[PDB]
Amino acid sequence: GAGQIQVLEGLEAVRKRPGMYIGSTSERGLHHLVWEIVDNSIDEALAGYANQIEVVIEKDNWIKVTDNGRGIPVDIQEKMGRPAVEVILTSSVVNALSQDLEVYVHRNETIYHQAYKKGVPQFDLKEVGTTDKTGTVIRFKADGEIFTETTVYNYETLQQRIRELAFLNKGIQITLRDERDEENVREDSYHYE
């Protein structure tokens, strides 16, 4: 009960003063969404559990982030009575500030899925398939109501920072791919020693 009320209030808080959370609602804050997700994958590699991160700019400026870590856990929490992944994603700034967000978890030889709008789950987490891999996929579309200047990402901005992050975090393979124009797909992949 109380825990879920505090999630809703957290969502209202983020969406009311987004600049207080991501710095700005300009092009800078739009790209900050990517960094918030990529940092969580980087943590999972530094913990010893992932070594590959993929960032795709999809049609209509969805972003897809994929890592080969353990998979965000799906076990039910004592505190929230909800799957752990739902708790982690409902308190995410990126989810609060996205019109839509999807997660796919590969864990327990199972694929789990949940979708959200403005941070609100659209349906309970569900098993959708099977897998012999572990990791996590997050796809989101920035909310144009928040990001009033632009919701268009800059490949070069993303490329520069991805290359910095792979240089800093040696051993992680970080790939950027732009699929916005299906006729000309660009990829850069970074992997330092």
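Think of the rigid core as the biggest set of C-alphas that the two forms share within 1.5 Å after superposition. All residue numbers are counted from 1 along the displayed sequence.
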* **Greater root mean square CA deviation, 117-125 compared with 73-81 in 8 other deposited structures of this protein, core aligned** => 73-81
* On average, which has the higher Cα B-factor in the deposited entry, 9-17 or 172-180? -> 9-17
* Asked: Higher mean Cα B-factor in the deposited model: 22-30 or 136-144?
  -> 22-30
* To do: Going by the CA temperature factor in the entry, name the top one among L46, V55, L125, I37.
  => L46
* Structure fact -> The third of the chain into which the C-alpha temperature factor of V87 falls is the middle
* **Third of the chain's Cα B-factor distribution that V105 belongs to, per the entry** => lowest
* **For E149, the third of its chain into which the C-alpha B factor falls** => middle
* Against its chain's modelled residues, does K118's Cα B factor rank lowest, middle or highest third? -> middle
* Would you mind ranking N61 by its C-alpha B-factor against the rest of the chain and naming the third, lowest, middle or highest? => middle
